[PDB]
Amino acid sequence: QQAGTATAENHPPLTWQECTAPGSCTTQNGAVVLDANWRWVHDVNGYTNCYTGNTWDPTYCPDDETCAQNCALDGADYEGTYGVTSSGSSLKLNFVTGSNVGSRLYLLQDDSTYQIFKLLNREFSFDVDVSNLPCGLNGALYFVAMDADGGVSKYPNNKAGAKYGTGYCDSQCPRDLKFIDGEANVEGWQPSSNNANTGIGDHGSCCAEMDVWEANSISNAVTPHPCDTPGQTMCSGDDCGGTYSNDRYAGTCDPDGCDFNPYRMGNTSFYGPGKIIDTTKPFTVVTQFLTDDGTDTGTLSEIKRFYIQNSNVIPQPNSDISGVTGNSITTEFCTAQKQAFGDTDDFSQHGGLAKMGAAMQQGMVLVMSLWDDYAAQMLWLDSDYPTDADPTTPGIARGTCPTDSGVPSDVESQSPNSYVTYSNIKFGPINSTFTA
C-alpha cells in the first residue's frame, strides 16, 4: 500500500515508563498508530475509493499487486473519526464513532518503527478502566510478533509502513486484512455476510500472540498462543486455520491458546462488578514472564498475574477445577486444563511455552484495542460457551452474560458510548513495577 495524502497522519503521543527497580522508573515519550485496516483506502491519483463498504474497485485493484501500487492508506482523524484520544500516559478508545467501530493501535518507538519489547524475564504493568465495557466487548492489550518496521524492508510495495499501522499478525492468522506483505487481499476476497465493512481474502498474516489482557467488566483472560514460526508469516487459503478459515485447527498457529480466566477456572467471586477486583473502578494489572533459570536467556516457564486496586496487591486466584492446580500458566497447568475441559491441546501441538518464548525472544509489539466479535459474540470470554453445553460442566461457563448477548448489531446500538482506557504503562525487571 502507498502512504495516503487525503487526510494528514499524526500519531497521538503516549508516555510510558521503564523501571529499573521498585519505585525507580523513567519516562519514555511514546506515540500510538492506528492499524492499517481501519483506514480509508484511496486511489493515489483521484482520491476516490479503492475499497467501498466491503468490496474493491476493479480498475484500481484488478489483482493484489496492482492494487497495492494504485491504492493508499489514508491518514486518520484519531478523535473525530475513530474515537481515540490520549493524554499523558492515558489512551482512551471509544466504541462507536459514527460508522466506525472500535480501533486497534500499536505503540511506536519512532514515527516509522514499532516499540519492540523483549518480555523474557520481565514484567509489564498497566492500569485499566473497564467499567464501561459490557457483555460482548473486549478491551484487549496484548503483544504480537510483528516486524518493527511494519514490513517495509521486506515488501517494497508497502510504502506506508508502521507510520500507517501496517504489518499486523496474530495467532488467528487473520485473513480480514486488506494488505498483507505489500499486496492487497482482493484476490479471493469474500465480503462478510454480517459486517458491512469487512471481508476475508485468500491471504492471512500469522504470528505468535501473548494475550496479556482480554477483558470487559464481567471477565478477563490471559492467554499465550504459539505459532510454528514465531514471527510474521503469510498463509494462504483454508490452511491458514484460525477463526475465519473453515477449520480453525488447519494451520500453523494455536487459535485457542492456554487461557487463565478466573471465572472459567472456578472462582466467580474474584473479578467483576463489586468483586475482589472491582471492575466498576480502575485497577492495575501486572504480568510476569518467568524463565526456567530466572535469567534473560532461560526458557519461558511461567506466566504470573497480580492485580493492584486501592493499593492492595492481590495475586491471581488458584484454579478451583479438579485436576488443574495453581494460579499461573505453566506447561503442567496448560496440559491439565485442556484435559479437564476436554479441549484440544493445540497449545502443545504448536510448541507451547517454548514456542511462545521463542517469539518473545524475537521481540514483540504492544497492541491496544477495543472490539466486538462478529464470529462468537465474545461468549468465549464472558458467557457459557459453546451455547449448547451444560453451563455446569467444567470449562463451559466463562462469565455471567447470557448466551444471546454480544451480538454486534445489539451492542453497537445499545452501548455506543462504551470505552476502554489504558494508562500508566510500566515495564522492567521482575518486581520493578509494583510492590511485591
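Numbering starts at 1 and follows the sequence shown.
Student: Using the B-factors recorded in the PDB entry, average over the C-alpha atoms of 342-350 and of 213-221, then report which stretch comes out higher.
Tutor: So the stretch with the higher mean C-alpha B-factor is 342-350.
Student: Do the C-alpha atoms of 378-386 or of 42-50 have the higher average B factor in the entry?
Tutor: Taking the mean B-factor of the alpha carbons in each, 42-50 is higher.
Student: So among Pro174, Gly161, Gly231, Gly188, who wins on Cα B-factor in the entry?
Tutor: When the deposited C-alpha B-factors of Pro174, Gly161, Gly231, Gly188 are compared, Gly188 is largest.
Student: Between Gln337, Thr166, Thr252, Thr299, which one tops the list for C-alpha B-factor in the PDB entry?
Tutor: Most elevated C-alpha B-factor of the set, per the entry: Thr299.
Student: Could you say whether, by C-alpha temperature factor, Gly136 belongs to the lowest, middle or highest third of its chain?
Tutor: Lowest third, going by the recorded CA B-factors of the chain.
Student: Give the position of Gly406 by CA B-factor within its chain, expressed as the lowest, middle or highest third.
Tutor: It falls in the middle third of the chain.
Student: Could you place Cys19 in the lowest, middle or highest third of its chain by Cα temperature factor, using the values in the record?
Tutor: Highest third, going by the recorded CA B-factors of the chain.
Student: Please say which third, lowest, middle or highest, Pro394 falls into when its CA temperature factor is compared across its chain.
Tutor: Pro394: CA B-factor falls in the highest third of its chain.
Student: Thinking about Cα B factors across the chain, which third does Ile425 belong to?
Tutor: According to the entry, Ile425 has a C-alpha B-factor in the chain's middle third.
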